[PDB]
Amino acid sequence: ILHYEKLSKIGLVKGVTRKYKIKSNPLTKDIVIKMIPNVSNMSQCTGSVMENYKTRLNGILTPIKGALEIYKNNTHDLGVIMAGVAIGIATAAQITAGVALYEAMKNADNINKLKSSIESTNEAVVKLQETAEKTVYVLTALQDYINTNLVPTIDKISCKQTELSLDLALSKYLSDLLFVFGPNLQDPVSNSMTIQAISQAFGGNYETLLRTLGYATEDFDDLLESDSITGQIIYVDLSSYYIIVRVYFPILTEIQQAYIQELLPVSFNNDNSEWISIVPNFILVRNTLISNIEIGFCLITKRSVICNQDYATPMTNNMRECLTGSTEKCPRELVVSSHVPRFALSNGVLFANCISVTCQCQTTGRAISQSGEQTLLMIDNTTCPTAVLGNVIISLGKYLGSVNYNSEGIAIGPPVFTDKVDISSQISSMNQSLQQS
Amino acid sequence: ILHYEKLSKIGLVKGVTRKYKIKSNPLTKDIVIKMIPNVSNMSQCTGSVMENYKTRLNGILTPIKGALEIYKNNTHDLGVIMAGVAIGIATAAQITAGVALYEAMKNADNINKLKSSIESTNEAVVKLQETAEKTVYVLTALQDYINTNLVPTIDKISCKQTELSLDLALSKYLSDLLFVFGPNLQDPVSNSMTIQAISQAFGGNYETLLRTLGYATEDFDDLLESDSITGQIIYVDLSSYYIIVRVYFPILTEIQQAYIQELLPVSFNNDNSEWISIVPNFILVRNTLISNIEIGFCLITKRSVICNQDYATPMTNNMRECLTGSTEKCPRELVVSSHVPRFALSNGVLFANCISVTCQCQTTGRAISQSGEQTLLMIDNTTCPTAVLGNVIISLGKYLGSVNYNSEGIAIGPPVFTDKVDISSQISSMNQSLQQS
Amino acid sequence: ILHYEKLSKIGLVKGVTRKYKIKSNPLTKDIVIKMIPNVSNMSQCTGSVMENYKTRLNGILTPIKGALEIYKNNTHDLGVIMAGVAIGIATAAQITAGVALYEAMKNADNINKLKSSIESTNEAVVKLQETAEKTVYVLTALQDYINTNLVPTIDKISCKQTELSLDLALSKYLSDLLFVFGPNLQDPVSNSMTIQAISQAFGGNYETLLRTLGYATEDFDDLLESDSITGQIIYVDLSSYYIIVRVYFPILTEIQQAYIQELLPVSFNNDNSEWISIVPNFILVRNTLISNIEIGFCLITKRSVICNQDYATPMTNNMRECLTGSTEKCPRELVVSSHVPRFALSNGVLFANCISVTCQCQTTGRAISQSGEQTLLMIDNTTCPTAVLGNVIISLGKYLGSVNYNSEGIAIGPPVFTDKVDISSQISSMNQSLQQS
Amino acid sequence: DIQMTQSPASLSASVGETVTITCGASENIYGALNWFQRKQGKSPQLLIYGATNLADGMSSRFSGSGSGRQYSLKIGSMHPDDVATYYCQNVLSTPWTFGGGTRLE
Amino acid sequence: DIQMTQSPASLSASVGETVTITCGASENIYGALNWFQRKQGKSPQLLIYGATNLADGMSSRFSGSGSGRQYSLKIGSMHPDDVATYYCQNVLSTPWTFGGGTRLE
Amino acid sequence: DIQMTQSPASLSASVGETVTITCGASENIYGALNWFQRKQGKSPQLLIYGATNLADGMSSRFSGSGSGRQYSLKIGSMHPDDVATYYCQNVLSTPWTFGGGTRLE
Amino acid sequence: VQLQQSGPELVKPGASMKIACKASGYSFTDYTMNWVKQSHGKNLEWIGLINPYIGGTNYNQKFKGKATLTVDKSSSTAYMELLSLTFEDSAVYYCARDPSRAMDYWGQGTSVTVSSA
Amino acid sequence: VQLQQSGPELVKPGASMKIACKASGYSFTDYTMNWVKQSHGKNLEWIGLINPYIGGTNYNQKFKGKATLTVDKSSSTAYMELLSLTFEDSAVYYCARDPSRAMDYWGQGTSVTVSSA
Amino acid sequence: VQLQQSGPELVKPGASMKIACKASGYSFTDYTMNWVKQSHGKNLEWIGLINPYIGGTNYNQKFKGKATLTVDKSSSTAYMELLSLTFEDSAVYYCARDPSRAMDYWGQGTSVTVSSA
């Protein structure tokens with residue numbers, strides 16, 4: 001549906017076509033992150049460090065537990081009911097997240113039946129027997145540090161040094177914690193917070209968390225970096241200072257009739273100036289409808305664009321019309337920087353601004369000349385089996401498009417200035433001339 | 001002043017009303033961060049590691065000390081006068097920060113009278129007696145690591161291994177340091193850089209810094225995450241390699257007659273398409289004047305929006321007029337993504353795009369139908385005490401607004417495309433049609 | 001070329017003029033980062049931790065090695081030619097990066113001839129003799145932790161605790177790794193990835209990497225923070241689990257006839273409202289042509305703006321015309337925030353919104369009054385050698401510009417609203433009024 | 001694909017005595033195993049999901065356990081109603097495979 | 001609120017000899033304690049802010065010290081002028097409370 | 001600037017015997033040393049870049065080595081052709097300095 | 001909560017047929033519809049799932065190209081178009097509702113047979 | 001540097017009255033003014049502060065609702081409106097300039113008495 | 001691959017003269033040209049480099065002000081304008097092509113002499 005020939009003529013070189021994947025069907029696993037280390041092996045000279053740490057951690061965790069209890073106390077089964085009056089104000093995402101929190105309350109209670117065993121966890125990773133057939137895992141923050149550094153060196157350093165080192169470790173853990181579990185966490189109910197953020201409760205070690213819970217290795221890294229493996233804090237304990245996090249392990253589903261077309265931006269010539277067209281570099285086409293996509297929120301992979309949600313965003317009529325051929329409607333921006341892509345390779349075919357980049361033909365030793373009325377030059381086997389663009393030597397292929405590509409002129413779009421302040425000034429000028437009219 | 005009924009009809013569901021807090025009245029505490037560990041307990045086989053570390057740290061700290069001395073040499077008491085000619089070029093914030101730096105010079109000199117004691121600090125946190133009644137605290141970077149890992153293991157590993165471990169620790173500390181205290185820190189004079197950034201001099205452990213200085217526990221976390229607890233480097237020592245930081249502990253003051261109204265964005269129906277209105281999700285109303293707010297710079301809490309400065313920004317006339325009822329002036333954007341909020345809960349009342357989300361009534365078992373001429377559906381006790389929207393079931397309350405809400409049509413705004421490239425193309429089209437006219 | 005007098009009259013106070021520097025002439029150094037520690041000193045109770053770590057690291061590194069081999073198998077000497085058909089789709093940057101990768105393959109093979117020695121590296125930094133006259137350096141991730149924490153404590157803790165600590169260290173290393181070398185790294189061929197990102201393979205310790213390779217101390221920190229010291233992965237080993245990174249050490253070259261003019265934004269008075277002009281705060285003037293610059297990608301230093309590429313971006317005609325004097329074309333924005341710069345110091349001269357900030361003259365004790373028809377007040381020696389603006393006292397200099405500055409009125413620009421949603425609403429209103437016309 | 005294997009492909013015991021239906025997985029599935037009951041001529045019915053959780057509307061005598069790659073479904077006291085085919089479904093990795101099936105008579 | 005307590009509520013001693021005015025705090029205020037001198041019928045005057053720093057325009061004989069929750073204000077040699085009421089103000093936590101007050105005669 | 005020093009400023013040895021041209025640097029240049037051959041009346045020719053790599057089009061008898069601040073250029077078997085002036089160029093720090101020069105006869 | 005299959009069908013080899021799965025009694029859009037193949041009366045094998053909320057599909061490798069899953073959110077119907085039917089495609093095809101990861105509610109199944117009568 | 005109070009006032013119980021605190025000799029906007037209540041001639045208690053630069057206020061819990069702090073940046077005057085006056089509101093009311101955290105300059109005080117003569 | 005110098009020149013003291021360095025046989029824009037001063041036939045010293053791709057220059061401190069480097073991308077020529085010529089400026093001036101750090105291809109050199117005949 002995209003007119004790739006005309007788009008490439010204005011520098012929108014056809015890039016890698018990617019399939020559109022969104023997280024779906026989450027496998028839910030509940031894990032315990034004990035946010036306080038077990039100092040029983042070194043309690044002899046711990047001092048008041050653990051009490052102060054408990055006070056600070058309780059202050060951090062109390063807003064989270066209160067926000068959770070807002071839903072835990074207003075959610076009932078018949079089928080799950082919420083008291084909308086008691087909730088008062090909530091978004092749809094937050095309501096569905098409260099539903100998910102309520103469904104996780106049964107396993108949360110089953111785990112909390114092992115509160116004493118969670119408190120006695122003296123290793124950074126411990127498996128606990130929930131009901132002789134279900135197992136829960138406890139991730140104790142800083143327990144690795146305690147057991148590996150502080151316990152082996154009780155008599156090597158004075159125990160006051162051990163106390164100070166423990167206090168420093170706890171405070172470093174809290175400092176890393178507060179960016180995630182602090183006042184920024186005003187919606188702990190939402191199950192959109194990534195497991196990487198959740199792992200800050202374990203010192204940012206989400207690798208240990210996920211390998212301990214277990215996962216499908218298929219698309220696992222792609223689900224991690226697309227922010228699809230999310231965690232939801234299900235239970236907060238203010239006495240044992242541990243959180244129960246339900247980790248959502250989704251799978252990847254290919255969106256029907258949806259591909260994301262990457263366009264490689266290449267500067268071109270109009271008049272005697274370099275121009276790059278202001279067109280989205282990632283075009284989502286779904287069910288033969290063209291739209292934008294907020295691909296910054298997604299993980300772009302060589303074969304697929306992997307998102308945690310549908311990030312399709314609407315496209316204006318002019319952009320849709322010019323992506324389909326009406327290139328006089330695609331806006332262009334003056335190139336004043338020396339670092340702009342002067343060429344790109346598409347299907348073994350070079351599309352180059354041969355006026356701005358020196359194009360030489362490696363086979364016949366001739367210079368590939370671009371006239372002033374040509375925007376780009378399509379360089380392929382018919383003209384140059386091998387081409388030198390600057391210092392890079394590229395052996396080419398056959399252009400499957402038109403054979404009169406380099407002789408067929410294109411209609412050029414209007415110049416623009418995509419700077420924010422330039423946008424404001426252009427709005428000013430348009431409003432002024434409109435009031436004059 | 002906001003027409004919440006009309007706003008909810010176009011999907012702007014009234015969210016949590018928050019009070020507006022800005023930092024004020026900073027309590028100033030000065031702390032010493034010694035960026036160099038005391039290796040006297042393992043000096044036997046330290047090698048040239050400390051010399052190279054001192055060279056690199058001096059190279060890092062010299063620009064900071066020079067930028068400070070620009071103001072320390074051009075500021076004197078009358079009553080504090082700043083040499084504008086010698087300063088030459090400065091912003092108002094930088095000038096007031098230079099004043100604050102000069103006011104901190106007295107305590108800086110009092111602390112620097114303890115230069116020898118700062119050098120001999122062999123613990124990560126040490127309290128030093130300034131004048132037998134004032135105390136200063138020294139935060140020695142990596143001293144915890146030295147005393148806890150390297151000193152206890154002098155003879156367990158070859159001292160070359162201890163040397164290499166010390167060098168690696170120092171280089172890791174410098175690597176974390178350079179993002180904050182490197183060439184990014186071109187204005188160390190400003191007292192606007194957060195204590196979290198300052199703590200990179202202590203390894204990012206701002207929890208230890210703040211607990212050691214002492215603080216009012218009220219609003220402490222909220223002041224941290226609003227970037228209100230800022231630090232100013234007051235003195236840089238290029239011989240003992242320590243900095244004196246004045247840490248500003250402000251309080252939170254409620255802005256008079258100011259509340260920030262959150263609007264929960266909900267998609268609505270118009271024609272046979274799904275739309276979400278492009279209206280700010282956080283509206284600052286101050287002294288009965290409506291304005292925007294750069295709330296990304298602020299810490300949004302359940303009850304208050306807490307900023308380190310007034311982030312109010314002006315609102316255009318049309319948006320002010322449509323937030324007050326003239327909903328034909330609120331812009332809307334087509335919804336092409338499947339992940340859009342179809343409903344929200346406000347005061348126990350559901351506002352839902354029942355065309356796009358299946359609305360079923362849990363009490364009477366009937367389907368809540370939305371006509372094509374309706375944007376949202378207000379679902380409350382009068383029609384459905386309990387409602388099923390998809391799979392989530394919500395018991396509702398009474399809508400305090402109009403009783404003919406669902407029968408009163410609203411005037412709809414103009415469609416827009418808030419994509420950056422779409423904005424540039426719309427500017428192109430408007431300019432073209434303006435020139436045609 | 002910039003009319004600094006008129007710009008300061010509308011609050012664009014002339015700031016520090018900076019010279020424009022861009023990286024050039026990269027010195028290439030190849031280093032080995034072994035992503036797997038040598039556990040031979042503690043292999044007695046390692047368990048299956050290293051096997052699982054190897055599986056995970058192989059899964060991470062295989063996409064990188066495949067993306068590299070895409071270019072390693074389609075690039076050969078003539079004179080370096082690239083198989084465009086086999087590459088298929090590539091950008092100019094990626095093609096030149098593939099050329100650079102090919103040129104680095106000779107040293108990569110020379111290093112890989114020491115695969116056995118790289119495997120036996122049991123220190124975090126080890127120098128290896130390539131050919132008795134060239135040396136390569138191996139940076140072993142977590143080897144420092146192994147040798148410093150785990151090996152000295154084999155018998156102090158149970159060997160299962162050593163195994164668990166090793167697993168936790170490896171998983172923490174992988175967690176830090178995945179943000180950089182994970183699915184985000186879809187173009188490892190490009191030599192634009194910073195050495196700070198590369199150092200995540202060494203635990204983020206780029207200081208050790210760079211000091212071990214060696215560098216020119218001139219502008220070294222500036223090249224670091226401008227993202228100019230980039231690294232390119234040249235070789236990935238899936239058996240010994242090490243990467244060869246070519247680290248590019250460029251120099252800084254001053255761009256000819258190019259300076260970046262900073263404008264200090266100061267609010268001004270028009271009508272009875274406070275205004276700040278929407279003009280870029282960093283103006284790039286090159287060869288007497290005025291343009292914008294994406295200075296966020298650059299490192300701003302006191303004397304220079306240092307970029308890794310030319311970030312010049314075009315300027316609209318109106319903004320160029322008003323920066324040169326036609327201040328009626330510079331857009332202004334209402335100031336509704338209380339935290340706006342009311343004044344700035346330029347060449348020892350104060351430009352102040354004395355209506356909004358209390359301007360008092362410290363020498364004659366009089367109040368510097370600003371009429372309602374004045375935008376700013378220029379305060380210098382001729383009127384007030386020393387001025388008090390609020391509580392800050394500034395001794396001033398002589399204004400080198402006009403002597404009738406405060407008596408010469410200026411033409412004011414059009415009000416704007418630079419909020420994104422305000423921009424969309426303004427586009428709506430302009431389109432509506434255009435259709436009406 | 002993950003190969004799901006059930007050891008007692010065909011089993012018949014007296015009504016009212018304990019029955020263990022073991023299931024095996026080629027790869028560790030970490031409790032991501034569902035159990036389905038398929039009576040003759042009728043669609044399979046979700047019996048136990050998550051390898052421990054009893055599905056709603058199902059009898060309390062289904063007490064399936066297991067962890068890792070080796071699982072087991074327990075019937076306890078039989079009932080002529082539970083004469084059906086039991087399938088353990090792979091649930092971890094995207095090609096969600098099924099076990100061979102256990103026909104209990 | 002932080003309860004600020006002064007032990008010598010009323011003290012009267014000879015002119016020219018050392019006087020210590022102790023102040024206490026319910027919570028540790030970390031040197032955030034101001035001292036105010038309130039002469040009869042006149043507004044309180046900032047005497048010592050930060051629990052150590054002498055306020056400008058005040059006599060050098062005011063040498064208040066202390067840290068944590070226990071503080072002290074020192075007069076040194078008296079003079080008939082400093083016959084007033086001294087208040088130690090809480091300064092750390094937002095409800096900045098005052099001490100009971102010390103009337104020196 | 002880095003002062004780049006060559007010990008044998010003038011050297012003359014028989015054709016066909018090993019020749020080492022030592023070069024020194026004031027600061028450690030980490031192998032960023034280029035070697036240039038300047039025959040009489042002609043422009044200097046890049047001889048060895050990176051202190052180890054032989055420049056293309058140059059004879060294989062040039063085997064320059066070194067690391068840190070002390071380097072060496074090796075000729076091996078002479079020939080009448082390489083009677084020229086050898087310059088070791090600093091390349092690490094921005095003022096890329098040259099050595100004094102070695103005239104080999 | 002009910003899933004209505006289209007019904008058993010007699011289809012010729014090499015042809016293509018569509019199995020309808022009408023959904024009622026629940027939110028069709030908020031539930032993933034899976035498809036499984038019951039061959040020989042004993043063996044079950046998962047064909048693929050469709051997420052009507054997002055329009056996404058996840059197929060078994062064996063059934064890529066042979067089966068394509070569509071949904072009709074207006075009619076709350078999930079379809080499974082079977083391509084290039086062979087003798088081995090004769091089996092019982094179920095549509096099973098799945099909240100996220102557990103097929104709790106199944107259609108009665110379509111016993112599809114592939115032959116030329 | 002002067003802080004000029006409005007003056008002692010006789011006000012009836014249940015009424016509302018306003019202390020004026022004119023500022024001079026310094027930058028009014030750049031200094032926070034605190035308010036304190038001196039009751040019984042001995043006891044002092046901080047009422048609240050107003051930051052004229054930002055328009056922010058920080059009240060003692062005891063004085064929320066009873067006292068509201070406003071400023072007049074045009075006149076460099078800060079006000080203390082007292083609501084629902086009782087017999088216990090009869091005290092000495094000070095406005096004290098505070099740079100950030102130390103009340104260095106005080107007004108003479110308003111001895112407000114609440115009664116019906 | 002060739003670098004054509006302008007040629008030896010006789011220039012008077014205190015005047016300014018320009019070395020031309022035409023490039024051919026390679027991509028002029030993609031290579032940096034350095035400039036070196038050969039004095040007394042023996043001593044070499046680097047003057048400065050110009051990056052034609054970015055328009056950047058990096059000068060030796062000794063040659064700042066005395067030498068300014070320009071390029072002509074249209075003619076593939078780089079220039080070295082020498083300012084305030086003295087007797088010491090009489091030397092051999094080379095333009096040397098530089099990929100990044102190795103001056104591999106040099107111009108023949110311009111033996112510039114500074115005198116009044």
# chains A, B, ... in the order shown; residues from 1 in each chain; ligands from 1
>>> residues_around(residues="residue 32 of chain H", least_positions_apart="4", cutoff="12 Å", atoms="only C-alpha atoms", output="ChimeraX atom specification")
/B:24-26,253 /H:23,26-28,48-58,69-71,73,76-78,95-106
>>> write_last_selection(atoms="N, CA and C atoms", output="mmCIF file, in the first residue's frame")
data_model
loop_
_atom_site.group_PDB
_atom_site.id
_atom_site.type_symbol
_atom_site.label_atom_id
_atom_site.label_comp_id
_atom_site.auth_asym_id
_atom_site.auth_seq_id
_atom_site.Cartn_x
_atom_site.Cartn_y
_atom_site.Cartn_z
ATOM 1 N N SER B 24 10.093 24.729 49.942
ATOM 2 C CA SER B 24 10.350 26.046 50.502
ATOM 3 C C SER B 24 11.115 25.877 51.804
ATOM 4 N N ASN B 25 11.746 26.964 52.237
ATOM 5 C CA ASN B 25 12.417 27.036 53.530
ATOM 6 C C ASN B 25 13.455 25.928 53.721
ATOM 7 N N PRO B 26 14.517 25.907 52.916
ATOM 8 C CA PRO B 26 15.490 24.812 53.015
ATOM 9 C C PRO B 26 16.328 24.906 54.283
ATOM 10 N N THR B 253 5.243 23.412 51.272
ATOM 11 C CA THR B 253 4.241 24.438 51.507
ATOM 12 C C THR B 253 3.151 24.304 50.455
ATOM 13 N N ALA H 23 5.929 45.170 55.074
ATOM 14 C CA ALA H 23 7.365 44.942 55.040
ATOM 15 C C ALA H 23 8.058 46.077 54.302
ATOM 16 N N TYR H 26 13.683 45.497 52.653
ATOM 17 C CA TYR H 26 14.193 44.236 52.132
ATOM 18 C C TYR H 26 13.256 43.758 51.034
ATOM 19 N N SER H 27 13.679 42.706 50.339
ATOM 20 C CA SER H 27 12.876 42.117 49.273
ATOM 21 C C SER H 27 11.774 41.272 49.898
ATOM 22 N N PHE H 28 10.539 41.773 49.842
ATOM 23 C CA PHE H 28 9.413 41.076 50.456
ATOM 24 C C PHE H 28 9.210 39.701 49.832
ATOM 25 N N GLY H 48 2.108 29.522 61.445
ATOM 26 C CA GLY H 48 2.313 29.103 60.078
ATOM 27 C C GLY H 48 3.204 30.064 59.325
ATOM 28 N N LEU H 49 3.696 29.646 58.166
ATOM 29 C CA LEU H 49 4.513 30.495 57.315
ATOM 30 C C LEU H 49 3.852 30.648 55.955
ATOM 31 N N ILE H 50 4.159 31.754 55.292
ATOM 32 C CA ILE H 50 3.756 31.977 53.913
ATOM 33 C C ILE H 50 4.993 32.338 53.105
ATOM 34 N N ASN H 51 5.147 31.692 51.952
ATOM 35 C CA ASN H 51 6.231 31.997 51.034
ATOM 36 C C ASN H 51 5.678 32.889 49.933
ATOM 37 N N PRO H 52 5.875 34.208 50.001
ATOM 38 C CA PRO H 52 5.288 35.090 48.980
ATOM 39 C C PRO H 52 5.821 34.837 47.583
ATOM 40 N N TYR H 53 7.039 34.304 47.464
ATOM 41 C CA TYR H 53 7.604 34.039 46.146
ATOM 42 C C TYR H 53 6.789 32.998 45.393
ATOM 43 N N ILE H 54 6.349 31.951 46.087
ATOM 44 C CA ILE H 54 5.663 30.843 45.437
ATOM 45 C C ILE H 54 4.167 30.816 45.734
ATOM 46 N N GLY H 55 3.696 31.605 46.696
ATOM 47 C CA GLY H 55 2.313 31.524 47.113
ATOM 48 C C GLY H 55 2.012 30.357 48.020
ATOM 49 N N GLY H 56 3.038 29.698 48.551
ATOM 50 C CA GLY H 56 2.834 28.536 49.381
ATOM 51 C C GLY H 56 2.713 28.866 50.854
ATOM 52 N N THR H 57 2.033 27.980 51.578
ATOM 53 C CA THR H 57 1.842 28.130 53.010
ATOM 54 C C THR H 57 2.067 26.792 53.694
ATOM 55 N N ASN H 58 2.585 26.855 54.917
ATOM 56 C CA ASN H 58 2.778 25.675 55.754
ATOM 57 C C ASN H 58 2.243 26.018 57.136
ATOM 58 N N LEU H 69 -3.092 32.424 55.897
ATOM 59 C CA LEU H 69 -2.048 33.400 55.621
ATOM 60 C C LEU H 69 -2.127 33.837 54.166
ATOM 61 N N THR H 70 -2.215 35.143 53.944
ATOM 62 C CA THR H 70 -2.142 35.728 52.616
ATOM 63 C C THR H 70 -1.019 36.755 52.567
ATOM 64 N N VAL H 71 -0.612 37.102 51.347
ATOM 65 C CA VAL H 71 0.392 38.131 51.121
ATOM 66 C C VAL H 71 -0.130 39.107 50.081
ATOM 67 N N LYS H 73 1.932 41.206 47.529
ATOM 68 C CA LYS H 73 3.243 41.533 46.981
ATOM 69 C C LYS H 73 3.299 42.964 46.465
ATOM 70 N N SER H 76 3.799 44.733 49.665
ATOM 71 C CA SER H 76 4.795 44.072 50.511
ATOM 72 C C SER H 76 4.224 43.769 51.893
ATOM 73 N N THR H 77 2.958 43.370 51.926
ATOM 74 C CA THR H 77 2.244 43.112 53.167
ATOM 75 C C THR H 77 1.754 41.671 53.189
ATOM 76 N N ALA H 78 1.947 41.000 54.320
ATOM 77 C CA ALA H 78 1.394 39.673 54.545
ATOM 78 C C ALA H 78 0.322 39.762 55.619
ATOM 79 N N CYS H 95 4.389 38.697 63.186
ATOM 80 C CA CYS H 95 4.872 38.313 61.869
ATOM 81 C C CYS H 95 6.390 38.426 61.899
ATOM 82 N N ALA H 96 7.071 37.338 61.560
ATOM 83 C CA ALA H 96 8.522 37.275 61.647
ATOM 84 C C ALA H 96 9.097 36.931 60.283
ATOM 85 N N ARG H 97 10.000 37.775 59.797
ATOM 86 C CA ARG H 97 10.687 37.489 58.549
ATOM 87 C C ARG H 97 11.605 36.288 58.722
ATOM 88 N N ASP H 98 11.622 35.425 57.722
ATOM 89 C CA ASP H 98 12.445 34.229 57.777
ATOM 90 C C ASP H 98 13.076 34.008 56.409
ATOM 91 N N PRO H 99 14.405 34.125 56.284
ATOM 92 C CA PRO H 99 15.042 33.881 54.985
ATOM 93 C C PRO H 99 14.727 32.490 54.471
ATOM 94 N N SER H 100 15.136 31.465 55.212
ATOM 95 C CA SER H 100 14.579 30.142 54.982
ATOM 96 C C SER H 100 14.085 29.512 56.276
ATOM 97 N N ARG H 101 14.878 29.604 57.341
ATOM 98 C CA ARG H 101 14.611 28.754 58.489
ATOM 99 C C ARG H 101 14.881 29.434 59.834
ATOM 100 N N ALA H 102 15.122 30.743 59.866
ATOM 101 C CA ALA H 102 15.416 31.438 61.117
ATOM 102 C C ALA H 102 14.672 32.765 61.128
ATOM 103 N N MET H 103 13.754 32.925 62.075
ATOM 104 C CA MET H 103 12.982 34.160 62.205
ATOM 105 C C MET H 103 13.878 35.242 62.792
ATOM 106 N N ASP H 104 14.473 36.057 61.925
ATOM 107 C CA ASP H 104 15.448 37.056 62.343
ATOM 108 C C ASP H 104 14.838 38.419 62.644
ATOM 109 N N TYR H 105 13.836 38.843 61.881
ATOM 110 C CA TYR H 105 13.195 40.136 62.075
ATOM 111 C C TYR H 105 11.713 39.929 62.339
ATOM 112 N N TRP H 106 11.221 40.526 63.419
ATOM 113 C CA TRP H 106 9.850 40.354 63.869
ATOM 114 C C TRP H 106 9.112 41.685 63.851
#
>>> select_by_dssp(residues="segment 380-419 of chain C", states="strand (DSSP E)", output="VMD selection string")
chain C and resid 386 to 389 392 to 395 415 to 416
>>> write_last_selection(atoms="N, CA, C and O atoms", output="CSV table (one decimal), in the first residue's frame")
chain,number,residue,atom,x,y,z
C,386,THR,N,26.2,49.6,41.4
C,386,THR,CA,25.8,48.4,42.1
C,386,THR,C,24.3,48.3,42.2
C,386,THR,O,23.6,49.4,42.5
C,387,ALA,N,23.7,47.2,42.0
C,387,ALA,CA,22.2,47.0,42.0
C,387,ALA,C,21.9,45.8,42.8
C,387,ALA,O,22.6,44.8,42.9
C,388,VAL,N,20.7,46.0,43.5
C,388,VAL,CA,20.1,44.9,44.3
C,388,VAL,C,18.9,44.4,43.6
C,388,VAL,O,17.9,45.2,43.4
C,389,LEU,N,18.9,43.2,43.2
C,389,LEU,CA,17.7,42.5,42.5
C,389,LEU,C,17.2,41.5,43.4
C,389,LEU,O,17.6,40.3,43.4
C,392,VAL,N,20.0,39.8,46.1
C,392,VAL,CA,21.3,39.6,45.6
C,392,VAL,C,21.9,41.0,45.1
C,392,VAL,O,21.1,41.7,44.5
C,393,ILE,N,23.1,41.3,45.5
C,393,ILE,CA,23.7,42.5,45.3
C,393,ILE,C,24.8,42.3,44.2
C,393,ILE,O,25.7,41.5,44.5
C,394,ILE,N,24.8,43.0,43.1
C,394,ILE,CA,25.7,42.8,42.0
C,394,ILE,C,26.3,44.1,41.6
C,394,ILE,O,25.6,45.1,41.3
C,395,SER,N,27.6,44.2,41.6
C,395,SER,CA,28.4,45.3,41.1
C,395,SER,C,28.5,45.1,39.6
C,395,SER,O,28.9,44.1,39.1
C,415,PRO,N,2.1,36.2,21.0
C,415,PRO,CA,2.0,35.2,22.1
C,415,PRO,C,1.8,33.8,21.6
C,415,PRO,O,1.1,33.6,20.6
C,416,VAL,N,2.4,32.8,22.2
C,416,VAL,CA,2.2,31.4,21.9
C,416,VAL,C,2.1,30.5,23.1
C,416,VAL,O,2.1,31.0,24.2
>>> select_by_dssp(residues="segment 68-98 of chain A", states="helix (DSSP H, G or I)", output="ChimeraX atom specification")
/A:68-72,84-87,92-98
>>> interface_residues(of="chain C", to="chain B", cutoff="7 Å", atoms="only C-alpha atoms", output="ChimeraX atom specification")
/C:15-16,144,148,152,205-208,221-222,225,264,299,301-302,334-339,341-348,392-397,417,421-422,424-425,428,431,434
>>> closest_atom_pairs(of="chain D", to="chain A", cutoff="7 Å", atoms="only C-alpha atoms", output="JSON lines")
{"residue": "D:30", "atom": "CA", "partner": "A:214", "partner_atom": "CA", "distance": 5.7}
{"residue": "D:52", "atom": "CA", "partner": "A:134", "partner_atom": "CA", "distance": 6.9}
{"residue": "D:65", "atom": "CA", "partner": "A:133", "partner_atom": "CA", "distance": 5.5}
{"residue": "D:66", "atom": "CA", "partner": "A:133", "partner_atom": "CA", "distance": 6.2}
{"residue": "D:92", "atom": "CA", "partner": "A:216", "partner_atom": "CA", "distance": 5.5}
{"residue": "D:93", "atom": "CA", "partner": "A:216", "partner_atom": "CA", "distance": 4.7}
{"residue": "D:94", "atom": "CA", "partner": "A:251", "partner_atom": "CA", "distance": 6.6}
